[PDB]
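Colleague: Pasting in a structure now, in structure tokens, and then I'll have a few things to ask.
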Amino acid sequence: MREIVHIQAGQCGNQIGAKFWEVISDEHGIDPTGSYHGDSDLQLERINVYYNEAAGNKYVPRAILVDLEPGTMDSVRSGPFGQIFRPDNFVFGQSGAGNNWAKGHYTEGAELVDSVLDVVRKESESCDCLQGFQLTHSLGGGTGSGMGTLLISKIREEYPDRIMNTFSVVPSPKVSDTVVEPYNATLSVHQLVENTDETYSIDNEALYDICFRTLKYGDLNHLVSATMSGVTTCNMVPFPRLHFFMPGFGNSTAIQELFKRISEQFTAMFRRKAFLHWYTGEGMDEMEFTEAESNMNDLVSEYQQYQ
Amino acid sequence: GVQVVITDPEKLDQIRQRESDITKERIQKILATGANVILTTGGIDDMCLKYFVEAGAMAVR
Amino acid sequence: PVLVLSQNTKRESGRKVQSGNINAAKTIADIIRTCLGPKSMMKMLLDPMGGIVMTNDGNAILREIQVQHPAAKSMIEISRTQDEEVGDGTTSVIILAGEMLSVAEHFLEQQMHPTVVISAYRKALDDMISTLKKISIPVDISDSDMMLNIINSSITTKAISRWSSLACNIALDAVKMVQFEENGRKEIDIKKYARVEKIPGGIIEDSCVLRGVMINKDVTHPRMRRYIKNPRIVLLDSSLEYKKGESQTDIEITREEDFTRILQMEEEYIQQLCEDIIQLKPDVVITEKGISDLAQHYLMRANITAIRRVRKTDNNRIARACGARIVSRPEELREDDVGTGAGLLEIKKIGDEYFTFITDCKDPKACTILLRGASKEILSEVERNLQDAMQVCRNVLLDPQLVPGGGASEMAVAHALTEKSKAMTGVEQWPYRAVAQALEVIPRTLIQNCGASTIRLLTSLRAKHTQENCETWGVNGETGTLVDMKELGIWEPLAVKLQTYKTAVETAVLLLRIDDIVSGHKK
Amino acid sequence: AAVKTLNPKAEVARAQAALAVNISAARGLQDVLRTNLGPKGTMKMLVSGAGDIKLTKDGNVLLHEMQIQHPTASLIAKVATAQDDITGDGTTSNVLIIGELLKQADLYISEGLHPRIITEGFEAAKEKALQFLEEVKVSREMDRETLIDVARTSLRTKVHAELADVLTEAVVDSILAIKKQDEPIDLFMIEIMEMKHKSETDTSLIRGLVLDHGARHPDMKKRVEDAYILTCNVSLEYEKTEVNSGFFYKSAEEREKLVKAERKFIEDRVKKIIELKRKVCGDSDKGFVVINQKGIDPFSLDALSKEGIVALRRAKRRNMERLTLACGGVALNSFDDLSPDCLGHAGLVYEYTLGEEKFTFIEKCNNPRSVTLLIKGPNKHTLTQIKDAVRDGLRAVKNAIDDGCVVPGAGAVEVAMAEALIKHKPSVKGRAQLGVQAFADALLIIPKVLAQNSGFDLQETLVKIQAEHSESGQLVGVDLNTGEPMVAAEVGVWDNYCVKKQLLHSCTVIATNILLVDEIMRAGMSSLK
Amino acid sequence: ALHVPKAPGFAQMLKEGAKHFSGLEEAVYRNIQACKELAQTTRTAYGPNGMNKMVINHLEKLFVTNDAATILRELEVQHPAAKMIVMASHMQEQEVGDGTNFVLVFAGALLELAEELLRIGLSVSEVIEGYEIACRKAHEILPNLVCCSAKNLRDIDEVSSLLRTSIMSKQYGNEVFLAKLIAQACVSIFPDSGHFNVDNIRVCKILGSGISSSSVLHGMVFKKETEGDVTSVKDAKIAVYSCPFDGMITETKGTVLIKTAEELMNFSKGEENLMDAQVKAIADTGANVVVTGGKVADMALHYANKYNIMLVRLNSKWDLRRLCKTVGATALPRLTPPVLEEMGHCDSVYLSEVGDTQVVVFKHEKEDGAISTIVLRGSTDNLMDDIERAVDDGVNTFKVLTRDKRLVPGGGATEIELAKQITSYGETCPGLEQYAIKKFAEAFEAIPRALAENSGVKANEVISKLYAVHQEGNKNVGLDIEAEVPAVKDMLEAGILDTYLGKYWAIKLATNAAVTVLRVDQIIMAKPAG
Ligand SMILES: Nc1ncnc2c1ncn2[C@@H]1O[C@H](COP(=O)(O)OP(=O)(O)O)[C@@H](O)[C@H]1O
Ligand SMILES: Nc1ncnc2c1ncn2[C@@H]1O[C@H](COP(=O)(O)OP(=O)(O)O)[C@@H](O)[C@H]1O
Ligand SMILES: Nc1ncnc2c1ncn2[C@@H]1O[C@H](COP(=O)(O)OP(=O)(O)O)[C@@H](O)[C@H]1O
Ligand SMILES: [Mg+2]
Ligand SMILES: [Mg+2]
Ligand SMILES: [Mg+2]
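Chains as they are written, first to last, in full-length UniProt numbering: chain L, 1 to 216, 222 to 239, 256 to 270, 369 to 426; chain V, 249 to 309; chain X, 6 to 528; chain D, 2 to 530; chain R, 2 to 531.
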């Protein structure tokens with residue numbers, strides 16, 4: 001069994017991650033300290049692919065936590081199961097980075113990737129045989145967009161022969177959640193299509209609806230974790262470009376809806392060039408947006424090929 | 249409804265190259281008539297755009 | 006409740022709507038009124054991303070502020086339009102539109118119809134265009150000194166005025182290098198092929214335009230050379246890795262040797278790609294996609310330096326600069342696609358980062374302007390000013406006609422319009438003469454921002470412009486005195502001033518046509 | 002106001018308000034950072050929201066760690082960040098000179114003088130001051146003694162005196178080791194590793210490399226004397242085929258054959274390594290160390306241990322170059338045709354365990370063009386402080402080498418430039434003489450703060466120093482132990498010409514732009530939501 | 002006029018919940034007060050008469066101990082200066098293993114006296130100068146205060162007498178038994194080479210009986226059962242596999258592709274015949290015990306039972322590695338029979354029941370090996386954890402003695418001699434440094450003062466007696482805890498001794514921590530997250 005390293009970026013990512021690392025820890029008996037307060041041996045059967053046992057029988061998780069703003073990782077330390085993590089796997093900057101994709105993907109938080117990469121190496125070295133990585137982030141939003149794609153990128157350059165299984169919080173259709181979300185999400189999809197091997201699209205809108213059905222902000226990070234374990238607790258991606266998924270209970372072409380929406384709001388804003396000065400004045404060329412758009416019409420047509 | 253299932257590794261290379269040579273041949277057939285302007289409702293990969301560039305044609309996707 | 010329209014649909018109408026639109030417009034104008042001329046002052050804007058924008062540029066300011074009145078929205082949009090079209094005059098246009106709407110408010114209060122005012126405005130616009138074209142002068146664009154003076158006359162009103170000679174030379178070199186012709190179509194694309202890279206630190210006086218391009222990149226492998234004195238360069242859109250096929254190419258192994266044979270086939274594929282590349286005997290290979298470590302091995306064995314993941318725009322600029330042609334299949338590589346023309350590839354450490362220079366090119370049709378300075382904000386402002394300068398140089402190289410600045414053109418046109426109005430006997434003579442006197446706002450604003458006596462100076466200037474050969478007389482924005490522009494040297498591009506006048510008059514026409522606001526209704 | 006009629010929830014600072022706001026924030030930053038300046042400065046403690054402790058005297062670190070939300074403070078922090086990224090030192094002095102320029106300009110603007118005229122005087126004085134700096138710079142053959150004095154002038158300000166006397170020799174030797182004649186200094190070739198076990202004065206220079214990892218096979222030796230180093234970038238773990246493959250068998254025997262066969266590809270690379278090892282080490286006299294940038298699975302680790310090879314996995318992309326420069330081999334991305342010329346030599350290789358971490362030392366290289374600084378210390382915050390200090394010192398020595406000139410310190414150049422500016426002032430036309438005077442009184446903030454921090458009267462000390470410099474013309478500064486004037490070039494207090502020039506340039510520029518700010522305005526969305 | 006506004010500048014630019022302290026009053030004195038409170042929280046645990054504390058952490062876990070570093074770890078210290086003193090104490094624990102409470106006491110004393118000196122009018126710079134020169138003098142002096150040395154670490158009576166002192170502060174009532182146990186273990190695992198590894202002393206805490214039933218075991222104990230039917234073995238030939246005890250499978254997805262009824266009928270029989278062959282090769286190598294780090298398959302277990310092999314499953318990889326070190330084996334990643342060198346040996350391997358707990362014991366008969374285990378019996382998990390901490394103290398003392406064999410007298414004797422000599426040095430040193438030197442000297446008095454206070458006697462009378470005897474010349478005299486009244490006796494002749502390295506590092510680290518706390522002048526706390 002090969003080991004899987006788990007990076008989590010941005011507020012959304014850092015708050016899905018902790019909940020996942022808690023669900024599974026309780027699925028394995030590990031307490032907040034790390035001691036295996038468990039009886040069954042199936043919990044230890046496949047525990048090496050997630051936890052990196054140390055001397056003293058303390059199972060440290062193979063998890064990195066990243067965000068340009070420290071205040072989320074502080075809330076993760078202080079939260080529950082916030083002490084199993086390695087006190088050095090917390091990599092944070094000082095700049096908030098707003099919600100600009102260019103800010104997170106460029107010199108405005110670019111050196112940090114060189115601090116998360118010497119933690120990816122220090123976490124892969126422990127792994128006997130590294131299966132790959134699992135990055136949890138948000139498609140568009142805060143740093144998760146920019147920093148979540150400069151990470152997929154630099155980790156596909158540094159380890160270009162490993163499974164990169166992303167969990168991204170695709171933006172909900174009703175809630176804009178941000179004025180530059182169409183841009184961030186087309187710019188991030190434009191990187192994930194190339195530098196990723198399998199992407200699970202976790203829609204906040206659908207997750208919120210499922211939570212309401214169960215009832216008949223935390224509740225969403227508690228309704229995404231049981232799906233993240235039903236995906237990572239045990256024949257897909259026929260074509261190496263249609264690797265986007267919608268979990269449930369699905370490699371559906373309903374993704375095409377989300378993509379049509381994102382590309383039509385992208386095109387609406389791009390026509391008037393609204394909120395473009397920030398990207399150009401901080402390190403993008405006005406042609407990266409045309410490329411992103413082209414590549415999203417590409418995706419939408421590849422997905423329209425079936426029906 | 250078509251799958252590639254290889255049981256002799258020596259065919260993989262030719263199959264992979266054919267996947268691109270098909271489009272290459274279509275583009276060459278189009279350009280052989282004298283077409284210097286090519287309008288398309290669909291997409292055009294970079295591999296194809298390079299053929300148009302070398303031919304001195306104008307392609308639009 | 007039995008309504009006909011949904012609640013939240015509020016409908017205003019009439020002179021209240023007209024006066025509201027006009028007040029919103031002239032408020033947008035008053036926001037940036039003081040940012041005009043050489044003696045303007047900076048404004049510190051606070052971005053929603055915790056950023057800061059320290060600028061004098063009307064379009065920068067209006068782009069960073071947010072409004073809810075649709076008239077103010079329209080004014081911001083016309084400022085953006087002016088900036089995108091000519092790249093200068095973004096506050097002159099705003100001020101002119103504000104003044105035109107202000108003077109039209111008068112006639113609107115006095116029972117004149119907005120359509121009458123609008124027709125008068127259009128007559129006046131046509132005559133403004135005629136008068137500008139009459140008072141314009143030509144330019145010998147081969148006179149580098151004349152072009153440098155034009156660029157100084159365009160950047161003197163900005164922060165870089167302290168480094169005027171430097172910025173003028175940078176802009177002129179950049180535009181003259183980006184000037185490109187293919188198939189009988191001249192094209193100055195200073196947005197795709199003139200690149201500004203801001204590296205904080207250093208001093209601005211070492212900023213330069215490179216005879217080549219610059220990217221933030223390092224060699225893929227430290228055994229690769231970092232200095233090449235006549236590099237033959239190859240550009241690729243394809244990954245030199247072994248990637249999967251487009252189909253369901255699933256394999257089925259039953260024999261023992263087959264797994265190893267497949268891995269060795271992958272290695273041999275990479276070898277064959279690298280051999281297809283080496284066959285052209287290049288020195289540098291630059292890719293937009295990845296380069297596998299085995300490919301790096303083979304290239305290094307061939308003594309080739311590789312750069313892994315460059316942007317598509319940077320790759321296009323490298324193509325234009327070094328004379329190469331981007332390829333996507335190394336089997337389809339030809340000597341004509343190889344890049345000869347670069348005189349030096351250097352990879353040097355600026356601060357704690359590695360930057361790749363492809364400079365010393367001969368006939369480079371692309372460039373990188375390397376800006377150095379105190380901080381990201383100072384360098385953003387310098388970059389905006391350089392964008393203004395290059396856009397002015399481009400406008401000149403396109404339309405070599407010049408008109409005098411310092412408000413001299415505004416006063417000349419106002420005088421010509423007042424003289425032409427004496428033949429008008431209908432009721433439109435009054436709004437016509439009103440826009441004529443509304444053009445005086447540019448010299449008025451110049452005098453206000455220099456700190457001189459508007460009444461006295463504008464009177465002396467209107468009097469000077471009543472003489473015969475005095476249409477070149479204007480004002481100093483630095484001393485508050487009248488001068489001849491032939492002696493001062495402030496000459497604007499006819500295209501710039503035409504676009505200014507046209508956009509202003511049409512914005513006034515639009516906002517005058519507008520009445521009866523409606524709101525609330527949801528898409 | 003105008004903006005508030007269109008965006009009602011808009012914040013605006015106009016003309017005088019704007020200037021008051023900016024100058025107040027600048028003076029606040031100056032008030033905080035005044036105490037950082039000089040070796041007699043005070044160390045500030047900085048506690049994160051999580052509770053992590055930072056002990057620092059560094060202006061840039063202090064800026065970024067302070068809890069501030071002011072636009073002018075952000076501007077000045079950015080100017081300091083650029084200063085630090087390009088020169089490594091001068092951030093505190095940068096902030097101080099900005100604050101004092103703003104104060105001296107407010108002194109005249111409150112009396113109705115225009116900031117434009119003050120900025121004209123600022124630019125004239127900047128020009129003349131740069132000229133005087135070029136005049137006073139001391140072009141010197143950069144010998145170890147000069148570099149030691151420079152690194153001392155930096156490290157004594159950044160850390161304690163005994164630790165500074167240690168870091169001085171460490172840093173100077175490191176740079177003098179990784180430095181090639183007429184070849185820009187790649188500071189990347191100086192690794193900086195921190196160990197958290199011993200005293201802070203144990204910080205040393207290892208003439209080799211220190212990797213933060215060791216061998217992952219227990220039977221592998223922990224010490225190797227005469228070692229052949231193989232720097233490779235070749236995966237020695239199980240690699241799956243790019244195209245989806247899968248195995249199909251009809252019997253457990255066939256399954257066993259396929260299990261043995263699926264590893265043949267990596268076994269072949271292991272065999273190549275083992276054959277090279279046997280060919281170069283015909284006996285157990287010498288040693289053989291494989292250092293892989295990529296992974297090594299347990300089967301390969303066992304196969305190499307059986308042959309007596311020490312294999313390290315997942316090294317750093319920088320350690321590839323550092324190893325090829327220290328040991329002297331060739332870093333490989335393939336074992337196609339590997340030969341003994343691809344190997345480096347290390348006169349000693351061993352392993353050091355510290356709690357849960359392991360370290361690997363590679364020492365006794367012949368003439369390593371890459372070295373490492375081992376930062377030893379009892380606390381994480383001590384280690385961070387020493388890291389910052391050695392960064393400062395490395396940048397200082399590198400700059401003193403690059404610019405063969407070096408400028409006297411202790412405020413001597415500032416005093417002399419103030420005197421020169423005051424003698425040049427009459428040659429300035431109009432009321433820009435007042436801007437020149439303000440520039441001079443701003444330059445005089447370095448000796449003033451040095452005296453204030455050593456515990457002396459600013460005016461009395463500065464009067465003594467200016468008098469001594471006017472009577473003799475010698476470049477004199479503050480003696481931080483007696484408050485008397487002293488010749489910095491004779492007592493060995495040196496500053497970086499590049500740092501002083503960057504100070505002048507960037508401080509003038511940012512102060513000019515701030516003085517020319519006449520409206521601060523927040524009228525955007527105010528959030529990206 | 003009813004509100005004081007924040008002053009212009011940093012006070013206004015400061016964030017909402019951030020705090021800024023500056024100067025002797027707001028920063029230095031408050032830090033000294035915090036460190037003093039810390040030293041007071043841990044003072045009553047110092048020495049053999051030190052009392053235990055029951056700290057409950059945020060996870061509702063209970064710690065009953067008088068181990069300073071443990072108490073500090075389990076407390077939620079939130080003041081940064083106290084955090085720094087705790088960092089010093091933990092560095093002392095890491096470097097030496099004993100002396101954390103000394104570090105705390107001494108740092109707190111140095112800081113209290115530094116506050117006193119600042120109040121009388123010295124500057125932090127002068128205080129730090131004097132503290133540093135006095136620490137240097139103390140380091141110069143201590144080697145001369147060294148009284149005895151170990152002279153042999155392969156014996157069991159000498160080693161027990163040497164560890165008794167370190168294991169007296171903890172578990173004062175019963176220390177001869179524990180010193181015997183820890184000496185037996187340390188000298189069993191002490192190799193002919195001078196290197197001693199503390200991880201080779203294993204501690205098994207088993208419920209039931211009490212500390213007098215504890216024992217040493219030359220080998221290993223695992224709270225496991227056997228996977229198969231065999232439970233005892235008398236001439237173990239252990240074979241260790243890091244791989245599961247199952248048929249090897251492909252790392253790439255394997256599929257059993259059947260195309261004929263014959264293949265379908267024969268697949269399972271072929272699989273079983275293969276497993277039988279594998280395990281029979283292992284058994285025919287002579288191995289009677291197999292230890293797998295992975296899982297066990299039903300068929301493999303069947304055939305191991307058939308061929309009379311004891312199967313053991315060690316979930317942990319550290320457990321597997323330590324068993325390999327114990328028995329002299331090599332973990333094989335394949336299920337191939339081991340060669341004569343890859344195999345391990347034990348004089349016995351058996352399943353036993355210590356109390357309610359079932360355990361598998363790999364027991365050597367020889368009085369040596371690479372690993373030894375101490376089986377701790379006890380009536381309470383907290384009691385057994387405290388005894389494990391005492392064992393850790395004894396083992397780290399043994400390692401310190403392997404590093405440096407020098408010993409100084411305990412019970413405050415070295416502290417009093419240091420105080421005396423540094424006072425005599427400061428009386429000669431002129432300048433304002435003498436005040437700080439004399440306070441650094443007086444700080445040492447805090448150690449015998451804390452010992453006396455916990456012993457239950459008048460610390461002032463004790464310290465006066467000690468000063469008198471050390472003035473008349475006896476440097477090995479310290480206080481007698483076995484006395485209802487203030488008393489003193491020869492620490493050397495009594496056998497109460499400390500480690501030169503322990504004292505050296507404790508003094509160094511305490512001085513460095515105090516000096517850093519003093520060097521702090523401004524504090525800029527951020528808004529506490531949460
Ligand atoms: N030194 C000067 N003296 C007087 N007028 C000037 C001077 N420099 C520029 N101008 C005039 O100021 C007007 C606007 O300058 P500028 O601020 O660059 O444009 P905008 O106001 O559109 O930003 C130009 O029409 C030009 O004629
Ligand atoms: N031993 C010394 N005696 C007198 N002046 C010194 C001494 N060491 C440094 N200085 C001066 O103190 C000033 C500030 O030093 P430092 O704090 O290292 O730079 P910065 O303030 O930019 O961080 C320097 O300009 C230097 O000239
Ligand atoms: N029998 C004894 N009589 C007097 N003092 C003793 C005796 N045993 C130990 N001590 C003293 O107790 C101190 C150890 O206390 P302890 O709680 O171990 O502190 P630390 O763990 O920080 O060393 C030593 O300084 C030693 O001198
Ligand atoms: Mg302009
Ligand atoms: Mg400094
Ligand atoms: Mg003790």
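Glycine included, C-beta positions come from ideal geometry on N, C-alpha and C.
So, at 8 Å on beta carbons, what are the nonlocal neighbours of X:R20 in its own chain, with the 5 sequence-adjacent residues on each side left out?
Modeller: Here the set comprises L113 and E114.
Colleague: Smallest Cα separation from D:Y229: which of D:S111, D:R270, D:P341 and D:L108?
Modeller: The shortest C-alpha separation from D:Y229 is found at D:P341.
Colleague: Using three-state DSSP, classify L:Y59 as helix, strand or coil.
Modeller: Strand, per DSSP.
Colleague: Give me the subset of the segment 118-132 of chain L whose CB atoms are less than 8 Å from a CB atom of chain D, sorted by chain position.
Modeller: Under the 8 Å Cβ criterion, the segment 118-132 of chain L contributes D118, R121, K122, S124, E125, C127, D128, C129 and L130.
Colleague: Taking its Cβ as the centre, do 16 or more other Cβ atoms sit within 10 Å of X:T120, making it buried, or is it exposed?
Modeller: Classification of X:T120: exposed, given that the 10 Å Cβ count is below 16.
Colleague: Taking beta-carbon pairs under 8 Å, can you tell me which members of the segment 282-300 of chain V lie near chain L?
Modeller: Answer in chain order: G290 and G291.
Colleague: With 9 Å set as the bound, which would you pick, yes or no: does the beta-carbon of D:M526 sit closer than that to a beta-carbon of chain L?
Modeller: Output row for D:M526: interface = yes.
Colleague: Using the beta-carbon of each residue, find all residues closer than 6 Å to any heavy atom of ligand 5 and list them in chain order.
Modeller: Those satisfying the condition are, in chain order, D:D90, D:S155, D:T158 and D:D393.
Colleague: Between D:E240 and the rest of its own chain, which residues show a CB-CB distance below 8 Å, the 5 nearest in sequence each way excluded?
Modeller: Once the five neighbours on either side are set aside, the close Cβ partners of D:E240 are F266 and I267.
Colleague: Name, please, each residue of chain R whose Cβ falls closer than 7 Å to the Cβ of L:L44.
Modeller: What L:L44 touches in chain R: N316.
Colleague: Closer than 8 Å to a non-hydrogen atom of ligand 4 - does that hold for the CB of L:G269?
Modeller: For ligand 4, not one heavy atom lies less than 8 Å from the Cβ of L:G269.
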